[PDB]
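Participant: give me a model of this one.
(8 chains)
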Amino acid sequence: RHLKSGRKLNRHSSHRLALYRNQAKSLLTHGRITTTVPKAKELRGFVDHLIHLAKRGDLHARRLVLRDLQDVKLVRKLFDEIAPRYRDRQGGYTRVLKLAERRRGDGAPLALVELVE
Amino acid sequence: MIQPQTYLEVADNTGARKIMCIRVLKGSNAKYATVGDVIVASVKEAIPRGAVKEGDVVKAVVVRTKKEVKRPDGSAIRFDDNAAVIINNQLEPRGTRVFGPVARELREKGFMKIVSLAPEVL
Amino acid sequence: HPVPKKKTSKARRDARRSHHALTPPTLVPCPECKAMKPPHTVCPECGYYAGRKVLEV
Amino acid sequence: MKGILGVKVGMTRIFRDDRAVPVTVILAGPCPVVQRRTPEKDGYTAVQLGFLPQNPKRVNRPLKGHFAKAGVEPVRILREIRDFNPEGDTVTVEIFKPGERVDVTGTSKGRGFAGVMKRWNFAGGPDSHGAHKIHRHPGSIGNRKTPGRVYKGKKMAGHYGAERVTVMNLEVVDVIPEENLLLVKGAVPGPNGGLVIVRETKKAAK
Amino acid sequence: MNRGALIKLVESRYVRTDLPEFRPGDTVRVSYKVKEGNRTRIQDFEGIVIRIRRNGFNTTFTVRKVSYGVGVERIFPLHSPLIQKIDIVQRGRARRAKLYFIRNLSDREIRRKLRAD
RNA sequence: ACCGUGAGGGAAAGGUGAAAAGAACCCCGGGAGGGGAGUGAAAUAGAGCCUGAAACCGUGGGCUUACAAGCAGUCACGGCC
RNA sequence: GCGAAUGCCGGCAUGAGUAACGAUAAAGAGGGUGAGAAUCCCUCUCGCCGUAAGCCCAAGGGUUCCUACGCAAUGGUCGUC
RNA sequence: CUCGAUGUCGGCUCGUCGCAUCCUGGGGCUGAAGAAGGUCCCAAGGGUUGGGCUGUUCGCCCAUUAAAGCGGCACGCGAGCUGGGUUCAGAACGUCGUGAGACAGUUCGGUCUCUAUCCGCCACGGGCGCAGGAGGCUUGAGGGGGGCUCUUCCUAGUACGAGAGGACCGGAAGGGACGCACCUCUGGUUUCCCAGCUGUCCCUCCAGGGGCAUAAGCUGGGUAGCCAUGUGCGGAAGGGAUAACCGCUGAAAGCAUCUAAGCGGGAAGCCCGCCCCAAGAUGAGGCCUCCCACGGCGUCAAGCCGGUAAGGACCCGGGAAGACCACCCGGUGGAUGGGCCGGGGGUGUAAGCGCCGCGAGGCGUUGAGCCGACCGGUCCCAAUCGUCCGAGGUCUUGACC
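Facilitator: Residues are numbered from 1 along each chain as shown, chains lettered A, B, ... in the order given. Below is the structure:
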């Protein structure tokens, strides 16, 4: 069992992928989103790559990302509306930033992360 | 690759190309009827006539499955598990034998006769 | 099954809750306005270091 | 009979025939950082370093404990007893040559905190008739009025990951005289890409 | 640098091109000769023809257990760069898919369809 | 009241103040509840609010404490205050 | 005129801020209301039922059902529900 | 003592002393030629297999082996399993009893609870100190770990010999079981990495996808990490003192004896030499470097404040170190993470269009398409900005400048 560990994840894989997706999506919707510390760390890694194909561009890159988030509206909104703007940059198309505040009863430290303008 | 209580083919005069070995002869602490080794046992399978019977001898390890890493890093794994029955002196008991070349055996060496004996496309 | 015996009493509850102890929050001046904040997070005023995008509505 | 270093990985190599494998060891420049000369420190020895990590960052004292006979920009430092210094800087290259016998060691990869299961051998209890602690767990800790209690120093669960140790004897096999590298054929005595060293004793029969 | 770097190097040094064989092919039952020898440095262009099963991959690699039918099934795994080998000539096919470890053959072949692939 | 199927079982809780004069209004607060002002002989008599001690929990001051194995204590002595 | 009866009644500590929150059918986002909302409201992602967690009659319950306010108590915390 | 109670067999799991020593060596002895035996004294170091049947520890049998020892701790172990056993009602027979019911004669089933307080063990940190205040390199009193053993061959077939048979002495090689690391090889996993697949509801009909078919629906494969069945290594020499047992020089026993005198030999055993702990050994710290004596008040002012970043702490970003924790490297004058990028190893030629085929699909562009931890570039993203605490350096005696 455990030692040298790569890609830090919680819940259960099906859930995880579930989240990564949903949030990846909601964000693509709002540019900037609010969640808990790692929610962000990772959502960063994933939405990072995702927008990377968004830009990647073409019938394929597209087909892939839809394979993923299942919805044209966005599909496109993304792939052709912002993706480009980024497309020339260099990965890390996102900004993960911690806030000074915790969710209730728990103290969960959270923050916001968004398409990186 | 190894075993104690075991079921393995042979092919010599073998009244049954199979027996069951208690243990590896070597240094008291067998634990692995090792390739190219030798062991203790009884027959499990039937011998029409034969002369072999349903007794027990001493024999040498041929084939095996799971890791024949020869010294020079030459390698092979047999998809069968057998030995040649030895009759205690070591010297083998039979006419022929079904199996091919591949030193590991000869590396043991003593049984060259085996060596010569079984040697082809079978 | 395994109930202790009685308590070094004070001695105990103490020694223990003691090494326990409780501290306060590490903090510094705002990367912009007033008060302070933690090692890296905007806040309901000087909402930034480069683009607040946060403080009041 | 001493080399200082950071090692890479164990990998196979061929020989007169077959092959087997060694491990990649690299020792840039072991250099005389301080000498404990006996009148100084009885366990007379050579204290050295072997590389250089970013200069911007550099404690003062260090800057000078160094200054002493001044060297440079590393942080990799330690030392060995009864090892004269036929130099004011040694390498590895030639320092050691293959066909030579070596002893060597360093950090011990960091396992974790595992009971009888791990820790030691005899992988705990059993499984089929007993599942109230299923397959295995921890043996027996002592006795009533035997000593009247629990023992005092037998194997035990826990931290058995972060420690230090050594490889008695192993082979020099070969030296790549430039980037002070050695293929040793040894038990990769600790993580790769890490703290490792060479020392060599063997006044005994075979 | 590190690993990749230096090591890549040393091996390069002795392993050298494994006699530019680059004759990987699929699982071709192809045929070869290893110096494999003993007794009086009787090294022999030993040749086993065999249906190749997979391989080991970096400096040290291996033209895998090409399985061959002798008396029964017997499989031969070879160390690639290893000077042990001299001759490695292709006879059979680098044909049919799914990636090795398809011992399907040895498994329960029937040379019939065995062939059929 | 409450437990029990029915039979049946079968507690707790008395004492704010002389008399209500028992809490305007201002001050933090979502409130509570806390600070003032007036009651008043007292309110450390304030709504469970007489007298309200023991247990245990708190805040502050003196002495005290990290080479130490003693239910307790305690006889002597020295250092503190 | 009482340590003392594993006594009786009523306080009060002790484990202990570890055990534990009632089913391994998952959540996450956005806006919203608010004194404060992981834990209320609308809305957009996603999982679990579905022959049941679905509809219905009857039994037994007996308030409650709604609408408006309200949370100090009660939900094994939260809570403007 | 114990009954307001001490859970008794057997077996696991983990053992720990003992020697009347099984195997290991050292030994004087022989009815010792060699060899191999048997006989005692010394020495517990290490070692002291697998099955079978029986709830049996015992024991008999199978096959080995150097051997496969006896026995101490409630015949060690239920707050650590197991519970066949014996030791709750049944029902059973055999057996008794006029029977009730019985038999330590059998036989078939028959509810081991356990959220650690002490002391104790194994580990991990917060203290406060080894009288300047600091970062890093050390030597260890002494504490711990391993100390086994078999087989082949040379000198040798000579020493012995009638012959069959085989020595010291000493030197090689291989293995057994065990301990310590570690992945290259071999190998196992790999919960998402790749590929095929059935059924079904949705996307938008098509193909081209999506969840659910466990917490992956089903398969065939798969790094890296963790990991044997896989790989290196070890159990040493060797030095000093000793056991039994042997001698030496020698009287007291005016010859003689290892003997009180003084000398030497001498076991895998003992001390050391091998590794791994460690001055909270307050009875070290040894050494390298470097900060320098601030301010304000009753003084043996070893008391209150800013003080040196001399340093280090916090928080941030990371780490095969890791429950926490501390450990460790970095924080933008930096590659630390992730993103990207190239590169190793993955799946096994994609999505589309093109081509033969009623068709099913086949073939081509594609050995492509997609790729999680692997080697490494690159500030594209996010390590901003800041805070605190942290010497002034006791008294006394001796020594030098």
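
Participant: where's the nearest residue to residue E:88 once chain neighbours are set aside relative to residue A:33, distance?
Facilitator: In space, and not counting its chain neighbours, residue E:88 is closest to residue E:32: 4.2 Å by CB to CB, 6 or more residues apart in numbering or on different chains. From N, CA and C alone the C-beta is placed, and that goes for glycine too. With distances taken as CB to CB, to the nearest Å, residue E:32 is found 60 Å from residue A:33.

Participant: closest residue of chain B to RNA strand G?
Facilitator: Among the residues of chain B, residue B:66 lies nearest to RNA strand G; the distance is 35.1 Å by CB to the nearest atom of the strand.

Participant: swap that for chain D, sorry
Facilitator: Residue of chain D nearest RNA strand G, by CB to the nearest atom of the strand: residue D:134 (14.6 Å).

Participant: spit out the contact partners of that residue.
Facilitator: By CB atoms under 8 Å, 6 or more residues apart in numbering or on different chains, the contact set of residue D:134 is residue D:127.

Participant: please state the backbone phi and psi of it?
Facilitator: Phi and psi for residue D:134, reported as degrees, to the nearest 10, are phi 0, psi 130.

Participant: spatially nearest residue to the residue of chain B closest to RNA strand G, not counting backbone neighbours?
Facilitator: The shortest distance from residue B:66 to any residue other than its chain neighbours is 3.7 Å, reached at residue B:1 (CB to CB, 6+ apart).

Participant: quick check: the closest residue to residue B:90 other than its chain neighbours vs chain D, distance?
Facilitator: The shortest distance from residue B:90 to any residue that is not its chain neighbour, by CB to CB, 6+ apart, is 6.2 Å, and that residue is residue B:110. Going from residue B:110 to chain D by CB to the nearest CB, to the nearest Å gives 23 Å.

Participant: three-state assignment of the residue nearest to residue E:88?
Facilitator: Look at residue E:32: counting by DSSP: H, G, I helix; E, B strand; the rest coil, its state is strand.

Participant: bridging residues for it?
Facilitator: residue E:48, residue E:88 (DSSP bridges).

Participant: what about residue 102, how many neighbours?
Facilitator: Went with chain A since none was named. For residue A:102, the number of neighbouring residues by other CB atoms under 10 Å in any protein chain shown comes to 12.

Participant: that was the other one, I meant chain E.
Facilitator: With neighbours defined by other CB under 10 Å, the count for residue E:102 comes to 18.

Participant: ok, residue A:40 next?
Facilitator: Here the count is done by other CB under 10 Å, and residue A:40 has 25 residues near it.

Participant: need phi/psi at it.
Facilitator: Per degrees, to the nearest 10, the residue geometry at residue A:40, taken as phi and psi, is phi -70, psi -60.

Participant: what sits closest to residue B:74 if chain neighbours are left out?
Facilitator: residue E:36 (5.0 Å).

Participant: pull the number of nearby residues for the nearest residue to residue D:189 once chain neighbours are set aside.
Facilitator: On the basis of CB to CB, 6+ apart, the spatially nearest residue to residue D:189 that is not a chain neighbour turns out to be residue D:167, at 4.2 Å. Applying other CB under 10 Å, we find 19 residues neighbouring residue D:167.

Participant: confirm that residue D:167 lies within a helix, as I assumed.
Facilitator: No. According to three-state DSSP, the state of residue D:167 is strand, so it is not within a helix.

Participant: partners of it in the sheet?
Facilitator: Partner residues in beta bridges with residue D:167: residue D:104, with DSSP bridges as the criterion.

Participant: which residues of chain B lie near chain C?
Facilitator: Taking CB under 8 Å from any CB of the partner chain as the measure of proximity, chain B makes no contact with chain C.

Participant: do a quick rundown of the helices in chain B.
Facilitator: Counting by DSSP state H, the segments of chain B that form helices are B:104-108, B:112-117.

Participant: any idea which of the ones you listed gets closest to chain A?
Facilitator: With CB to the nearest CB, the closest approach to chain A among those belongs to helix B:104-108: 36.3 Å.

Participant: what's in contact with the closest one?
Facilitator: By CB under 8 Å, 6+ apart, the residues outside helix B:104-108 that reach it are B:35-37, B:60, B:62, B:68, B:70-71, B:111-112, B:114-115, E:38-39.

Participant: that helix and RNA strand H in contact?
Facilitator: No. On the criterion CB under 7 Å from any atom of the strand, helix B:104-108 is out of touch with RNA strand H, staying 10.2 Å away.

Participant: endpoints of stretch E:19-27, how far apart?
Facilitator: From its first residue to its last, stretch E:19-27 covers 20 Å (CA to CA, to the nearest Å).

Participant: for stretch B:2-16, same thing?
Facilitator: Across stretch B:2-16, the terminal residues are separated by 20 Å (CA to CA).

Participant: RNA strand G contacts on chain C?
Facilitator: Applying CB under 7 Å from any atom of the strand, one finds that chain C approaches RNA strand G through C:3-4, C:6-7, C:12-13, C:16-17, C:20.

Participant: again, only using 10 Å
Facilitator: Contact residues of chain C with respect to RNA strand G, defined by CB under 10 Å from any atom of the strand, are listed as C:2-10, C:12-20, C:57.

Participant: residues contacting residue E:66?
Facilitator: With CB under 8 Å, 6+ apart as the criterion, the residues that contact residue E:66 are E:27, E:29-30, E:48-53, E:75-76, E:78.

Participant: actually residue C:30, not the one I typed
Facilitator: Applying CB under 8 Å, 6+ apart to residue C:30 gives the contacts C:36-37, C:43, C:45-46.

Participant: I'd like the residues you listed as CSV, with neighbour count appended.
Facilitator: What follows is the contacts of residue C:30, written out as CSV (neighbours: other CB atoms under 10 Å in any protein chain shown):
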residue, neighbour count
C:36, 13
C:37, 21
C:43, 22
C:45, 16
C:46, 18
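
Participant: if we check RNA strand H, which of these are in contact?
Facilitator: Counting by CB under 10 Å from any atom of the strand, the members of the contacts of residue C:30 that reach RNA strand H are C:36-37, C:43, C:46.

Participant: so what touches stretch B:112-122?
Facilitator: Among residues not part of stretch B:112-122, those counted as contacts by CB under 8 Å, 6+ apart are B:11, B:60, B:62, B:84, B:91-92, B:95-101, B:105-106, E:70-71.

Participant: can you give me the neighbour number for the closest residue to residue A:25 other than its chain neighbours?
Facilitator: Distances taken as CB to CB, 6+ apart place residue A:69 nearest to residue A:25, at 5.2 Å, with adjacent residues excluded. Here the count is done by other CB under 10 Å, and residue A:69 has 18 residues near it.

Participant: residue A:69 reaches residue A:21, doesn't it?
Facilitator: Yes. With the criterion set as CB atoms under 8 Å, residue A:69 and residue A:21 qualify as a contacting pair; they are 6.1 Å apart.

Participant: returning to that earlier point: now do the contacts for the residue nearest to residue D:189.
Facilitator: Under the criterion of CB under 8 Å, 6+ apart, the contact list for residue D:167 reads D:103-105, D:186-187, D:189.

Participant: one more time with 7 Å, if that's ok
Facilitator: Residues in contact with residue D:167, defined by CB atoms under 7 Å, 6 or more residues apart in numbering or on different chains, are D:104-105, D:186-187, D:189.

Participant: now do the residue nearest to residue B:74 against residue B:61, distance only.
Facilitator: Separation of residue E:36 from residue B:61 (CB to CB): 20 Å.

Participant: select the longest helix from chain E.
Facilitator: Determined from DSSP H, the single longest helix within chain E is helix E:2-15.

Participant: what helices or strands is it leaning on?
Facilitator: Helices and strands in packing contact with helix E:2-15 are listed as strand D:2-10, strand D:23-26; criterion 3 or more CB pairs under 7 Å, 6 or more residues apart in numbering or on different chains; DSSP states H and E.

Participant: could you list the residues in contact with the longest one?
Facilitator: To tie it back to what came earlier, the one meant is strand D:2-10. D:21-27, D:30, D:48, D:50-51, D:76, D:80, D:83, D:92, D:95-96, D:188, D:192-199, E:2-3, E:6-7.

Participant: can you say which of those residues are buried?
Facilitator: The neighbour-count criterion (16 or more other CB atoms under 10 Å in any protein chain shown) marks D:21-27, D:30, D:48, D:50-51, D:76, D:80, D:83, D:92, D:95-96, D:188, D:192, D:195-199, E:6-7 among those as buried.
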